Amino acid sequence: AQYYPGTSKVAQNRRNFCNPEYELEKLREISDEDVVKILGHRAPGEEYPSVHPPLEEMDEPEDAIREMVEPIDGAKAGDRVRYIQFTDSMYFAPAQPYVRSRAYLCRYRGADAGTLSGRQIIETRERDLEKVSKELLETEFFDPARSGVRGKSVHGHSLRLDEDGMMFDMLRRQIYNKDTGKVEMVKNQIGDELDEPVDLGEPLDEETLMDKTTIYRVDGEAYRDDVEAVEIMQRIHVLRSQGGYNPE
Amino acid sequence: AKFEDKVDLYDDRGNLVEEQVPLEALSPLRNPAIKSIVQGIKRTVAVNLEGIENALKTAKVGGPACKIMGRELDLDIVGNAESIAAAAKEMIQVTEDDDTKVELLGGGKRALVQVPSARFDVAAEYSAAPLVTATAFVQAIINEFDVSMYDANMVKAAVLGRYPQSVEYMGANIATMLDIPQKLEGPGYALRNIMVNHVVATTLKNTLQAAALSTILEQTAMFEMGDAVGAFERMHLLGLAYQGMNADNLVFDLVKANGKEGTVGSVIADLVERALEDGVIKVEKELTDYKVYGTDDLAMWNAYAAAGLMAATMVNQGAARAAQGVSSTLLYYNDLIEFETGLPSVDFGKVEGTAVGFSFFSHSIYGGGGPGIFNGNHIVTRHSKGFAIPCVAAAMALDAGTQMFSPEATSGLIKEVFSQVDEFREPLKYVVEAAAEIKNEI
Amino acid sequence: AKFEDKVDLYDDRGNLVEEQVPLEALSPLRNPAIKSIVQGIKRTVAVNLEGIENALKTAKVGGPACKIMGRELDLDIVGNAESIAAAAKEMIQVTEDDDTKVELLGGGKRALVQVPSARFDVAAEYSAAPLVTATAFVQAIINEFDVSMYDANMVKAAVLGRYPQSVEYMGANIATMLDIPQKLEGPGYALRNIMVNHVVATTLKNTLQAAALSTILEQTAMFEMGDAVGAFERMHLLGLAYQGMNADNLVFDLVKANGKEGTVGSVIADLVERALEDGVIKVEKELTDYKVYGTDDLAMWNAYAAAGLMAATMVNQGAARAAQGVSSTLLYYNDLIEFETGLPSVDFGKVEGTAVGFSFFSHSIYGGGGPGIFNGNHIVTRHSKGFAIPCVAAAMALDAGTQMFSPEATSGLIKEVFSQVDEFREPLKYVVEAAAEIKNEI
Amino acid sequence: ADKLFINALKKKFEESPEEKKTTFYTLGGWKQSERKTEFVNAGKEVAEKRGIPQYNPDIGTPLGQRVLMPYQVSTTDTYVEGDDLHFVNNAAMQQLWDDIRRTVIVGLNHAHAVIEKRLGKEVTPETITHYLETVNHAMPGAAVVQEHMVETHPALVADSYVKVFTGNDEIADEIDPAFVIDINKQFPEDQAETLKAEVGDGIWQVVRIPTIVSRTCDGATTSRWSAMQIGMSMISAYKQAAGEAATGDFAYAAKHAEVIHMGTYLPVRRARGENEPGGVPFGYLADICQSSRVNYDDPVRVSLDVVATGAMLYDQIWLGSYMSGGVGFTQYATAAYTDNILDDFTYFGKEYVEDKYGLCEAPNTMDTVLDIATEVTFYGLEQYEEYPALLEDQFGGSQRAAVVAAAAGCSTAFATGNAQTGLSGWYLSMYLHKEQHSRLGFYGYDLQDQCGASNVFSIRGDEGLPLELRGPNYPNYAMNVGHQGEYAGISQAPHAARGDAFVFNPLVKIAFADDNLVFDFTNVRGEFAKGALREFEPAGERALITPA
Ligand SMILES: C[C@@H](OP(=O)(O)O)[C@H](NC(=O)CCCCCCS)C(=O)O
Ligand SMILES: C[C@@H](OP(=O)(O)O)[C@H](NC(=O)CCCCCCS)C(=O)O
Ligand SMILES: O=S(=O)(O)CCS
Ligand SMILES: [Ca+2]
Ligand SMILES: [Ca+2]
Ligand SMILES: [Ca+2]
Ligand SMILES: [Ca+2]
Ligand SMILES: [Ca+2]
Ligand SMILES: [Ca+2]
Ligand SMILES: [K+]
Ligand SMILES: [K+]
Ligand SMILES: [K+]
């Protein structure tokens, strides 16, 4: 699969995020317990809640499609469908909203992805969400200054940065410590205080952000200069126009 | 034949049934099983005799939370259902042993009614089905118990609700798959105003049958709307065949290859490879490390893409056994496939657009709801001309119980009655056999 | 036979055609000419090619007083009407030599279209007729002149108007007798939303034929509405027969006897005498110098009274050659006949009630208009179940030119196209002949 | 010269507009804001008086962790907090809608034919003047025939009246001028002659019913109220029986045969009668706006005054209340009429067009669309990139999508002189924007834009329509913010560039060229500023009949 046209670094990074064969760079270690804390759907050690019985106990009808499509493990167990949501700064966060949704439906099974300008969300079965979330938090999908885990009050993608390079957060879930150079997650994604904060590590430096980003900007790589990517967008516009008029 | 295309037809287990069937043998305009299904759905009514009885004995008539104290009537309708049904049938029929049916279900608690076809030959539309059924049952109930003139208006209220003060049959204890003509978003829309949950309930959550029934209703509406006339006809026929009838086993084989470990993206890759193998698309030119694909047959590319879209929904929402992500699949299958190929997505962007709105209106405060309450007449999901809603039906068929407004919640009366009808419940074999029957008339 | 009643049927000159025809041979459910008329009206469309051409050349599209400067397109549509019509026909038909018609009128300025029956077999309602016709002509016009992609949307606007921003086809240059399904006052009403002036124009102002077409449409709607089911069926059949089909020559003979010098009152006197002579009514008892009449057959008394009502309209509005008084005739025929007899008036007071409102709303500031703009779907005139509007049709047929909103003003396009169809124009002849033909199978 | 939004950005923020960093969290929360402070105190007073808690800043999340911005109303020097541009808080905005809702256009052409051809009486300018004196007594709710009638208080209904217009200059001048919309005085020469030729010898009434009635009732009241009092005035002025058969012809004419509603009725899911915002097509909205007849040497100003009119009506009142409600959609709309931002982008596009093609001289083709819409989209997005303060100002992606695409679409239409290629440019802008920033609008923003390209030139039943005829009930457009008012602008754009007197209905254009309206439709943005400042005096108030 080729995923996306273009010859910029931005275009290559977009392809890399989409490509399940591309092994995402691990930038930080976050324990399974701290993923569960950040998510805020259940307490550590709490058995998974259930929205319905395990598939073995709710007797699905005979169906070739069901027989051919393997349920994800959380579906087998009847897990709730829960979410994780990120906001990405337009100041060179590595991932960006359509990049995430496109990538999620190439890389992850059983995924409900939604794109908005100031928030991007995935909803899936709870135990699977936990595994996906570990990857979303530990790898270059995430930077703790230019990205934020936010289930509400998402304002910030388009705001100026603060003096530490941190994106705005109305609820200040992620706190930069000048004395350590690290970001601490002090609240879960919905904004409730953690009894024990989670170390998110150091923010990426500015040159590395520019190297890894998937946003086009005049002060980075501009979309208008990635002429092959622009060509394909214009082509799609024209062919959609033609098809709607007369597809013969 | 107007079109030279031929398709191979399969059953819902992926077995070859008929080879090289002319495309037009699947047309709603030609295929006698589609005709039978559509006429059947027009003329079938579910009657809730238990509901009528309970409404009368409590005087709870005329809509939610309504009651008229002092108007209670205690009538043993369910206990006398055989006589009432036979009396109603005598009024509903045109002639003895015509195609009228009145059949009791659930020990007399429900009745399946099929109003005779002859009444619709001389009708403008389809409302004769509920209106003839309603008055026949009102009259039969009055006559069964010698209900007085002074009290009979309560029987009327219990059967048909607040109509005509309300435009709809508000609080009625009869139900149809179709809704009243005034609620159409546009002329020609009536076969689109059928709730996804009704289709899923009727087909007993069999995924391919739900997709087939939904596609039959949607694409048949496209003919009534005039959308499948002239330049657009072949596009709609190929959509019907490849997206809803598993033509060439393409949907089935994509699901087979991607069901164990696959994603929306992996289904896309397989579909593009298949389109290239079959000569539907080819490389038009090369950019830097990027192949630009073209086609001389937009309608066939669209149909292949539509088959992949259905398979992608089955793989993604099937893996979750949760329907909500169908709005996401309908969006990003199409978004991804455009940037993968340089070709337009299904319905030239209209499925992606529908999906954007549908995603919004199934995850926000402003309206909509769960996938099951949508339909082709819904303002959110009317925009694609038949290529989106059948995927929603497939996704809801695959849902293992994540929805509050499930078919069990919204569609129990419809399920009980309409799933009795073989051609409604399992339409694909009937449409395939009918295609075989007329193949030499095309 | 369900009913034992038999009627003698006559031609529109009052000559006997067939004796002792069973009542049900005139039923909309049984009579093949009524079926042909209803199906015909469902599928027929008037296309104003001159109107499309003028709208395009002036860019006057989208409704009254609307224009888009700079969008003008000068296309010789009328000059190329044969080619355009033939291209449209190819798209409208289902198969070659099916029952599709596309026929030019007025030197190519107009076209009569009949959309093939097969499209309605798999449709829920009737909107396929204008929608299939519209897109076929839009596509035919584009192809005739190689209209660019950039300009084609103007052709669409010229044909179908502001739809879908408007719910109706606002500013369209096609027309049907039927109106869109959303405008129905109730489900089942579509055959009632046909302007009186359209009926009068189509039947070329022949009084008996106008009355017959109106009665056919009204009483057929009563079946679709469920009103003519069970206990009420005979009443509606007798109404159709005696009020609109001149059964037993009763309307004709009442007019003959009262035409030279008669009044509404003298028609009443003759009808009451005839009902007594025929055994339909009898003296029940005597008050002081006043005979109280009774009947054991309300449906037949009603039908006799309805025949007299039609004759009274013909005598009163025929004498004035002015339609406006039909609202008065419909009121006082019924008011007078009750106090003459002690029996209920036509439709048990509902014609009188309809007439009160119709009088008001044709002589006041508040709404309505002249008699010709009413119809059975109009809020003013929907209340009687078929027994009022046919008299309005007869009255407008008899109007010699007293109306501003005449059929010439409101219905010229419909007239030109629909009057071409023999069964629309002279329905009394066809329905009587069909009844005679099936008399031995009832 | 400076970009047109630079002054506003300098007024809003401490930092220069190019600076990428600022300060948060230490601004005092809501206490930074005069308006929020007013609201906190009012909420306490409300709760105390009624015994139920109401506005309370401590509910939910805490506003004002960032700067709560003032907005410049574009083309003005007025800066206000956004709350002052909420339609609930802005009497000018409410009166804009009331003045549309309470207006109907009613012909006298059928009516005069009934008088001459059926009643057999003459119609002259003198009989017309007598009729107009009569109907200006009757229309606000006063009697002319019956004894013992009870009537509306004239001071409560002072905003209701009837005027006429005609293309026949000699007839127009023979009618008492108090009752005439003078086309020659209100329109520049070229526009006046266009409009008079459209109307010809036709004579048309512009009827405005009382605001107090329109507020008590609905839009569908207007043509009925109009027709009743037209009917009474015809009876009184032409001396016929007060209720004879001919009376019904006047009713049908006034209610149906020669009425022009501002809006057509809506389908059941969004059920509404006539003269509601969803029924008003984009070309009528452009013609209601009167910028065209005063700013006719500046097509950008004309087009963006239409955008302001439509963004407010369609997003704030229609989508933000009729179709939803609550806090609503103030800033989805203000993005299109504040801080001179859309103005900067659109003047850029107009200059690009004038330099490359000449106004209205470009081929009406997809090549022109690709050129102009791409260039203008890239300019607009570059401004958000160059000026972090601009991006923080128009913080929602939807706002930016609408503003950039409006400039792109208007500019394309300036070049082609055709609104349909303008529309294609709007959709291309969205697609480019989405790929440039890997985001566009809110969850459901681009339903119509994804469907958009394919439906621009479609001819199918519920797809194909010239843009001027489209409106909020066009199926793809029926749900979402950040499009409808901008489409009204694109509808206006080619006609402004061509110098056309109207976009879609010349009667609608003439009907709002009336200095007796309450809202000033020649300067919509000026009026929004006046209302924001609490300086606008609306009609329809009840002070006269309530305690002092
Ligand atoms: C979708 C539909 O809602 P329902 O699904 O019918 O509840 C419709 N609302 C809307 O379209 C809301 C539009 C305004 C709010 C969202 C703006 S982006 C309506 O209420 O008729
Ligand atoms: C009849 C109908 O008018 P039209 O014939 O459709 O113009 C209808 N008016 C009315 O019913 C007026 C009722 C109020 C005035 C009379 C009170 S007795 C209406 O405007 O929809
Ligand atoms: O977040 S949503 O896109 O659902 C609503 C934006 S107001
Ligand atoms: Ca066989
Ligand atoms: Ca006599
Ligand atoms: Ca400053
Ligand atoms: Ca708060
Ligand atoms: Ca003058
Ligand atoms: Ca002049
Ligand atoms: K479980
Ligand atoms: K007889
Ligand atoms: K002149």
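Values reported hereafter were calculated over all heavy atoms of this structure, with side chains retained and with hydrogens, waters and symmetry mates removed. Just so we're on the same page: letters track the sequence lines, and every chain starts at 1.
What you find for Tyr252(D) and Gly369(C) is that their closest heavy atoms are CB-CA, 4.1 Å. Taking every heavy atom of both residues into account, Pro475(D) and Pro164(C) meet most closely at CD-CG, 3.4 Å. The two atoms that bring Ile235(D) and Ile365(C) nearest to each other are CD1-CG2, 3.9 Å, heavy atoms only. The shortest heavy-atom contact between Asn505(D) and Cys66(C) is ND2-SG, 3.6 Å.
With respect to chain C, the highest number of heavy-atom pairs below 4.5 Å among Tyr474(D), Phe502(D), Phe250(D), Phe282(D) belongs to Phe502(D). Each of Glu258(D), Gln229(D), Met232(D), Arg498(D) has some count of heavy-atom pairs under 4.5 Å with chain C, and the biggest count is that of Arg498(D). Between chain C and the options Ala257(D), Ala251(D), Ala253(D), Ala245(D), heavy-atom pairs under 4.5 Å are most frequent for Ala245(D). Here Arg162(C) is the residue among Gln324(C), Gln403(C), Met170(C), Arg162(C) with the most heavy-atom pairs under 4.5 Å with chain D. Across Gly62(C), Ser364(C), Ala157(C), the residue that shares the most heavy-atom pairs under 4.5 angstrom with chain D is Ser364(C). Between chain D and the options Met149(C), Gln182(C), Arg71(C), the largest number of non-hydrogen pairs under 4.5 Å is found for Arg71(C). The residue among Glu244(D), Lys255(D), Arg460(D) with the most heavy atom pairs within less than 4.5 Å of chain C is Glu244(D). The candidate from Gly471(D), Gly279(D), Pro466(D) with the greatest count of non-hydrogen atom pairs under 4.5 Å with chain C is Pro466(D). Chain D forms the most heavy-atom pairs under 4.5 Å with one residue out of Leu160(C), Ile373(C), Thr410(C), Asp151(C), and that residue is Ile373(C).
Looking at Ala241(D), neither its backbone nor its side chain comes within 4.5 Å of chain C, counting heavy atoms on both sides. At a 4.5 Å heavy-atom cutoff, the contact between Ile260(D) and chain C is made by side-chain atoms alone. Contacts between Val369(D) and chain C at a heavy-atom distance below 4.5 Å are absent for every atom of the residue. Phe504(D) touches chain C through backbone and side chain together, each having a heavy atom under 4.5 Å away. In this structure, chain C has no heavy atom under 4.5 Å from any part of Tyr477(D). If you measure heavy-atom distances from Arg224(D) to chain C, you find no contacts under 4.5 Å at all. Heavy atoms of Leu131(C) lying under 4.5 Å from chain D are absent altogether. Looking at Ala246(D), there are no atoms closer than 4.5 Å to chain C (heavy atoms on both sides), in backbone or side chain. Neither the backbone nor the side chain of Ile230(D) has a heavy atom closer than 4.5 Å to any heavy atom of chain C. In this structure, the portions of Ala152(C) lying under 4.5 Å from any heavy atom of chain D include both its backbone and its side chain. Contacts of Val114(D) with chain C are made by both backbone and side-chain atoms, with heavy-atom separations under 4.5 Å. Interface residue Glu198(D): only side-chain heavy atoms are found under 4.5 Å from chain C. No part of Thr416(D) comes within reach of chain C, as not one of its non-hydrogen atoms sits under 4.5 angstrom from that chain. Proximity to chain C (any heavy atom under 4.5 Å) is shown, for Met234(D), by neither the backbone nor the side chain. Residue contact with chain C, scored on non-hydrogen atoms closer than 4.5 Å, involves the backbone of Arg470(D) exclusively.
The 12-atom threshold is exceeded at NZ of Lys67(C), counting heavy atoms of other residues, nucleotides or ligands nearer than 6.0 Å. Crowding of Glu144(C) atom CD: a count of heavy atoms from other residues, nucleotides or ligands under 6.0 Å exceeding 12. Around the OH atom of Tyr150(C), the shell of radius 6.0 Å holds more than 12 heavy atoms that belong to other residues, nucleotides or ligands.
For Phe414(D), there are no ring-ring contact (aromatic ring centres under 6.0 Å, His included) partners, not counting sequence neighbours. Scored by the salt bridge (charged side-chain N to carboxylate O under 4.0 Å, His left out) test, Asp249(D) finds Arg118(D) as partners (sequence neighbours excluded).
No side-chain heavy atom of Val167(C) sits under 4.5 Å from any side-chain heavy atom of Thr264(D). Using a 4.5 Å heavy-atom cutoff, the side chains of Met404(C) and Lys117(D) are in contact. Here the side chains of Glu168(C) and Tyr265(D) are in contact, with some heavy-atom distance below 4.5 Å. Using a 4.5 Å heavy-atom threshold, the side chains of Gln165(C) and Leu469(D) count as separate.
Here CG of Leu423(D) is found 9.5 Å from CG of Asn153(C). Values are rounded to the nearest 0.5 Å. The OH atom of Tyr366(C) lies 11.0 Å from the OG1 atom of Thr247(D); values are rounded to the nearest 0.5 Å.
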